[PDB]
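S.K.: Sharing a structure here in C-alpha cells format.
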Amino acid sequence: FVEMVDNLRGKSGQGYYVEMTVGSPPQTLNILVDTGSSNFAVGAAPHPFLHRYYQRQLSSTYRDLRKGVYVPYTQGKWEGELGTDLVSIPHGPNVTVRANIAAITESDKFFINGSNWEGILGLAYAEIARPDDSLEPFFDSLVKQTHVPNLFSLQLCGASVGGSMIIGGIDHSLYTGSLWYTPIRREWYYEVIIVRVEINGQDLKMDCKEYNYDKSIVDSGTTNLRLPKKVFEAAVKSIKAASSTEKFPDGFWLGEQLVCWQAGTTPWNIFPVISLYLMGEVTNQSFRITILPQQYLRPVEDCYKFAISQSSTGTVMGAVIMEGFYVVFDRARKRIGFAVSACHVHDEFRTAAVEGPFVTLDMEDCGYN
Ligand SMILES: CCC[C@H](Cc1cc2cc(-c3ccccc3C)ccc2nc1N)C(=O)NCC1CCCCC1
C-alpha cells in the first residue's frame with residue numbers, strides 16, 4: 001500500500017483532502033475526506049473561491065439523473081444536480097468506478113476562501129445521504145463494482161497538514177502496538193459507544209448514557225472533540241481543576257477567545273490527558289484511547305484554541321481525537337479500530353495510548369434509545 005501513503009493534504013483547520021479524478025478524460029479535483037457525511041459533492045460552477053470545478057460538458061461518460069438536491073446545514077447550504085460519471089483515486093487502488101456525483105451549482109458558506117479543495121467525499125452510510133438512502137454513496141459503489149475489500153483506514157497527522165487514506169486495507173507502518181476494535185452500533189454515521197471518560201486518570205462519575213446522547217460518532221469532517229452539553233460542562237470543570245497552576249478567562253474554555261505564550265514556552269505538563277473508554281468486541285470488555293493536550297490544544301496562525309466544545313448532536317470524535325490514532329473503518333465486520341498513530345505529536349514525556357482490556361459492566365445501557 002506504499003502507493004497510498006501520504007496521499008492526504010490540508011491546511012490547519014480546513015479538513016483533509018485527497019486527489020480524485022472525475023469524467024472522461026479525467027478531471028483532477030481535491031476532495032475533502034469526510035466520514036460524517038455520505039454524499040460525493042463537487043463544485044461545478046466558477047465560484048470565486050474555487051481553484052477548479054467539475055465541467056460536465058467535457059466528460060463523455062457523464063449521465064444526467066434529472067434530479068436536484070438542496071442540502072441545508074446549521075449555517076449555510078449547498079444545492080446541486082445529480083448525475084453519475086467515472087471516478088478514480090490516483091493515489092488509491094488501481095480501479096475506476098461509476099459513482100453518484102452531486103454537481104454543486106449554488107452554495108452558501110460551504111466553500112472556504114483560500115482553501116485548496118473543490119468538493120467533498122462523504123464516506124458514511126446510505127441512511128444519511130441526501131436526498132435519501134437510494135443515492136448510493138461512493139464507497140458502497142466502489143465495493144460493489146470492484147474487488148476492493150470493504151474497509152478503509154485514516155491516519156491524520158499535522159501551516160500545512162498531511163496524512164494517509166488506505167483504501168481496502170491496513171498499512172501496519174502507520175501504527176505502533178496493537179489495534180483495538182469498538183463495534184459500529186448502527187450503519188448510518190460511524191456510530192460508536194463511549195462507556196467511561198477519565199481525565200488525567202480520574203473518572204467523571206457520569207451515567208455513561210449521557211456520553212452517548214443522542215449519538216457518539218467518529219468524524220474526519222469535524223475539527224474538535226465535541227461533547228454533549230452536560231458532559232462538556234463536567235469535563236471542562238474537571239480540566240480547569242486539573243490545571244490550576246495557570247488560570248485563563250471563562251471565555252477561553254468556551255472557545256470564544258485565545259491563549260498565548262510565545263518563545264516556545266508551552267507547559268504541556270500543566271494540562272491533563274483525556275481518556276475515552278469504548279465498548280469492546282466482547283461482553284463486559286472495554287479499551288481506552290488517551291489523548292494529550294497537544295491534541296485538544298491546536299495552534300492558531302505560539303497561540304492556541306481550546307478544541308473541546310458543546311454539542312446537541314452528541315459526542316463527535318473529530319480530528320482532535322483522530323490525529324492521535326490510526327483509525328480503521330472495518331465496514332465488513334461492523335467495527336472501528338484504534339491504534340497509536342506512528343505520526344501523532346508527542347513530547348519526551350507522555351504519549352497517546354491505546355490500552356486494554358478493561359472490565360466494564362452494563363455497556364449496552366450507555367447507548368441512547
Ligand atoms: C454529528 C454529525 C456531525 C456532522 C458534521 C459535518 C457537517 C458538515 C456540513 C457540511 C456543509 C453542508 C452544507 C453547507 C455547509 C456545510 C459546512 C458539509 C460537510 C459536513 N460534514 C460533517 N461531518 C454533521 O452534522 N453531519 C450531518 C450532515 C451530513 C451531510 C451534510 C450536512 C451535515
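In the C-alpha cells, chains take letters A, B, ... by order of appearance, with residues numbered from 1 within each chain and ligands from 1 in the order shown.
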Excluding residue 273 of chain A and any residue of its chain fewer than 4 positions from it, enumerate the residues within 9 Å of it, using only C-alpha atoms, and give them as a PyMOL selection string.

M.R.: chain A and resi 198-201+290-293+350+352

S.K.: Check which residues fall inside 10 Å of ligand 1 when counting only C-alpha atoms and all ligand atoms, and print them as a PyMOL selection string.

M.R.: chain A and resi 15+32-41+70-79+107-112+119-124+128-131+189-191+214-223+226+311-318

S.K.: Apply DSSP to the backbone of this structure and, from segment 164-208 of chain A, keep only the residues in strand (DSSP E); write these as a ChimeraX atom specification.

M.R.: /A:164-167,175-183,194-199,202-203

S.K.: Using only C-alpha atoms, which of A:102, A:210, A:23, A:118 sits nearest residue 51 of chain A?

M.R.: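 Closest residue, counting only C-alpha atoms: A:118.
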
S.K.: Find the spatial neighbours of residue 90 of chain A, counting only C-alpha atoms, within a cut-off of 9 Å - ignore same-chain residues fewer than 5 positions away - and output them as number ranges by chain.

M.R.: A: 4, 19-21

S.K.: Which residues of segment 260-315 of chain A come within 12 Å of segment 137-160 of chain A, and what is each one's closest atom pair and distance in Å (one decimal), counting only C-alpha atoms, sorted by chain and residue number, as JSON lines?

M.R.:
{"residue": "A:294", "atom": "CA", "partner": "A:158", "partner_atom": "CA", "distance": 11.0}
{"residue": "A:295", "atom": "CA", "partner": "A:158", "partner_atom": "CA", "distance": 10.1}
{"residue": "A:298", "atom": "CA", "partner": "A:158", "partner_atom": "CA", "distance": 10.0}
{"residue": "A:299", "atom": "CA", "partner": "A:159", "partner_atom": "CA", "distance": 9.4}
{"residue": "A:300", "atom": "CA", "partner": "A:159", "partner_atom": "CA", "distance": 9.2}
{"residue": "A:301", "atom": "CA", "partner": "A:159", "partner_atom": "CA", "distance": 7.6}

S.K.: For the selection just defined, write its residues with N, CA, C and O atoms to a file, as an mmCIF file, in the first residue's frame.

M.R.:
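The resulting file, selection.cif, is reproduced below:
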data_model
loop_
_atom_site.group_PDB
_atom_site.id
_atom_site.type_symbol
_atom_site.label_atom_id
_atom_site.label_comp_id
_atom_site.auth_asym_id
_atom_site.auth_seq_id
_atom_site.Cartn_x
_atom_site.Cartn_y
_atom_site.Cartn_z
ATOM 1 N N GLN A 294 -1.509 18.329 23.460
ATOM 2 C CA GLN A 294 -1.107 18.641 22.084
ATOM 3 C C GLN A 294 -2.081 18.120 21.006
ATOM 4 O O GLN A 294 -1.799 18.223 19.810
ATOM 5 N N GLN A 295 -3.217 17.570 21.435
ATOM 6 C CA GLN A 295 -4.291 17.170 20.524
ATOM 7 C C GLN A 295 -5.528 18.057 20.643
ATOM 8 O O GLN A 295 -6.169 18.354 19.635
ATOM 9 N N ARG A 298 -4.857 23.107 19.724
ATOM 10 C CA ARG A 298 -4.296 23.289 18.379
ATOM 11 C C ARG A 298 -3.738 24.701 18.151
ATOM 12 O O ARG A 298 -4.324 25.680 18.620
ATOM 13 N N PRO A 299 -2.595 24.805 17.440
ATOM 14 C CA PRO A 299 -2.016 26.116 17.129
ATOM 15 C C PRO A 299 -2.914 26.940 16.211
ATOM 16 O O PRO A 299 -3.611 26.384 15.357
ATOM 17 N N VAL A 300 -2.902 28.256 16.406
ATOM 18 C CA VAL A 300 -3.618 29.177 15.526
ATOM 19 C C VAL A 300 -2.610 30.169 14.927
ATOM 20 O O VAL A 300 -1.771 30.722 15.644
ATOM 21 N N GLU A 301 -2.692 30.368 13.613
ATOM 22 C CA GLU A 301 -1.752 31.225 12.877
ATOM 23 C C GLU A 301 -2.003 32.719 13.086
ATOM 24 O O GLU A 301 -1.174 33.419 13.671
#
